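Here are two versions of the same chain, shown separately as structure tokens and labelled structure 1 and structure 2.
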Structure 1
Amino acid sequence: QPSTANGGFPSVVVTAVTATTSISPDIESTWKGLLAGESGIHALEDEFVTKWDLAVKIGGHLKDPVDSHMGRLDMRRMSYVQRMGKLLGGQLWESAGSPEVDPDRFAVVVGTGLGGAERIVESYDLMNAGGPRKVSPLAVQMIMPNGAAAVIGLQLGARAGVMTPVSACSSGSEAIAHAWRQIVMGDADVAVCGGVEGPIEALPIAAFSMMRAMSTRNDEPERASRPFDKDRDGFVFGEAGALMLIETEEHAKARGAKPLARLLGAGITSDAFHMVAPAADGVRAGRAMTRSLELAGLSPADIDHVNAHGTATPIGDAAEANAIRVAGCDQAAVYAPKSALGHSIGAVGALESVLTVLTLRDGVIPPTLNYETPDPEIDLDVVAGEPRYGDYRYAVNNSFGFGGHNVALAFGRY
């Protein structure tokens, strides 16, 4: 039976990471801000909140907006997520030394929650006003939700596959999972993978808050996102995009790249329970964690750290607590980064994967913000108060998205 530990799968390592965040456009500055207890969630000064009088008035816009890095050409040639993907794709490649890889062994897997939706309603109005010939010949390549991954593959020259998984909150983690599969199956030796997502706007807020899924603690924005806390209220939006560079260890050593961590395995299961709510028993979500251990060659005892999905909805954290217990990783140190960075849907799984890698690299877990009164039903060892320095050897990043999509990524210290 093949596994990473017994050589059945080639060793895959992470060699570069990049992310834009409500705390910082630089991933290393975001890391240091998280360690200092910073939060990216503030009061929304956007005019659409006062216009429609939204139930939620809090959220985290990117510290550095994507369009401040975009000229007129990009503003009409690409959708938002494509523009975010081009920005992150370029920053990731330079951060990795701008290597020259074999294009036929180079893949791209970038997930997203929805895609270039704003370009559909724009083309809707552009033809209602002037007719069918007033729709741009570039409209198809902007609207298609594979567009972000397509521009990244074209910009970097990836010819071993350009793929876009879609599974809401797990899209970014699932992208890293499939990129790992594309490598261990022999189709590629190096891959850019992650997730991108659109900005906070009025319609996304209205749709999610009508599910009673979002926190409404508008008086203290930095204290609204309270994963595993008894005063839970729901999740808070926090914009993000994130990409990582993974490659076989053989490929990394031959180019002189210093690996940040090891990508050991990936488990994908599904609940088949409800269209938006997770299964309370957490059985299938836990099986995804178990499956990532099986492919990696680990046991629950080896898991020192779990980067939780932790959206801070009442039923979400309760289900994940059961899932962690079902997987047998209840003794692990748990971090819920959505306490500080919020929820970025199609990108957050990729962002939290980057944070998992940094935790294994520096041997430190940032504190879960606003964890002050532990929920009696959730008995987990969550890091809080200050960063916890520890000897973390293996970690699992969880992402359980709407629709019942469970992705677990098993990571190891290099």
Structure 2
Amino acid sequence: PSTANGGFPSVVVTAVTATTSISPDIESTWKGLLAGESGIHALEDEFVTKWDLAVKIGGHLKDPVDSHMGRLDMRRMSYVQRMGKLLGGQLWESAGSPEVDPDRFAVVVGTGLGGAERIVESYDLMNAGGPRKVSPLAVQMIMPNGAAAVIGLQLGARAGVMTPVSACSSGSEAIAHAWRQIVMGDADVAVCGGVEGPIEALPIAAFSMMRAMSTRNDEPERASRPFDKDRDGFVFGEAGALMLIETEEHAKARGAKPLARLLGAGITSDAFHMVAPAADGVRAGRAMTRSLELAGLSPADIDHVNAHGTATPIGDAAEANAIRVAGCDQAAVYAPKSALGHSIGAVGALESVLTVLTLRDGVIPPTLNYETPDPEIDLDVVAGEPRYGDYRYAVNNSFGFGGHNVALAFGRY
């Protein structure tokens, strides 16, 4: 059973929303990427000077989430819940505020951590003034399912509200499980994607101490160099992203105009190391292969790979091997983290949206900062200018610390 042979129902993407370091408007982010814009800047936050952080670069959201939040929302929600509410509302408006069957409507939203700032706040409040100073709302704000739960309540989804956690692949895994919920017949429509917290001193310290992060502070826009010989780790770029998926029949019935098809999803694991990806890229490649099996595609059908491409030395080398294992090494490769940086639990969802726009508009943006090819990579990296083409099929790659591999197969509508 496959999408191609009608074993699974046809599933279409009918709306997308994202907030990024370039714009709060996904169409403006898209136009900016195609024009070679970067969201990465010098961090002006006082915490950089306070701690003299080795990393002094990153992409804050162009439009901060809390500029849209009233006093009640600031008191009763964690940051990722506030981001979830904002994007959920925007997505539903973009979809024409459809009246769907709540009992056939699912939400699947991944995140890296959850309402972690409310853990440290509760800890500090209790140490200061005892247990009665902890908010009655602490549990519902902290719990990592909090963002999915807020969006489910907001939009009226009664066919399941789910939160997969797999670190940097959480946002893609959410879209994978939303696809599974529809093709298994539990839902006809799903809001899915990923949200993530902002750049702060403790997050920078934790990832910096792994030596995972770029310290090219003198030239912030040149720091994120996926697949480049001179890469030195990832750059934080804040983001959140949701898409609306539904059966082709459901979309047709309400006169929704599909952006793309979601054809298949592959989830595998390395069982190799807690943070290092498997050097051979075999299980990562097999995630890509599994997405093709469920789609009913061959590797020769794949015109485009949206790479995980974090710009770590070991990460990009492993992914180049994975793309070869999957037989997709003739595909045009884009690494959006070159321009938008790394949003951890959100980034797979953001890159899924970018993959949909590539197929909709028949264009791949340039991988920024790709100036010196690495002999170990040997990929067709899109660079210098956007690449226009009749792109029919694309795979979005997303890999997570812990050895989690998620590949999503998309088709042009």
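By rigid core we mean the largest C-alpha set that fits within 1.5 Å across both forms. Numbering runs along the sequence of structure 1, starting at 1.
Compared between structures 1 and 2 on the core, the listed residues 274, 134, 258, 76 keep their C-alpha shifts below 2 Å, save 134. On rigid-core superposition between structures 1 and 2, the C-alpha of residue 384 is found to move 0.4 angstrom. Here the two forms are laid over each other by their core, and the C-alpha of residue 125 is off by 2.3 Å between structures 1 and 2. The Cα position of residue 143 changes by 1.1 Å between structures 1 and 2 once both are aligned on the rigid core.
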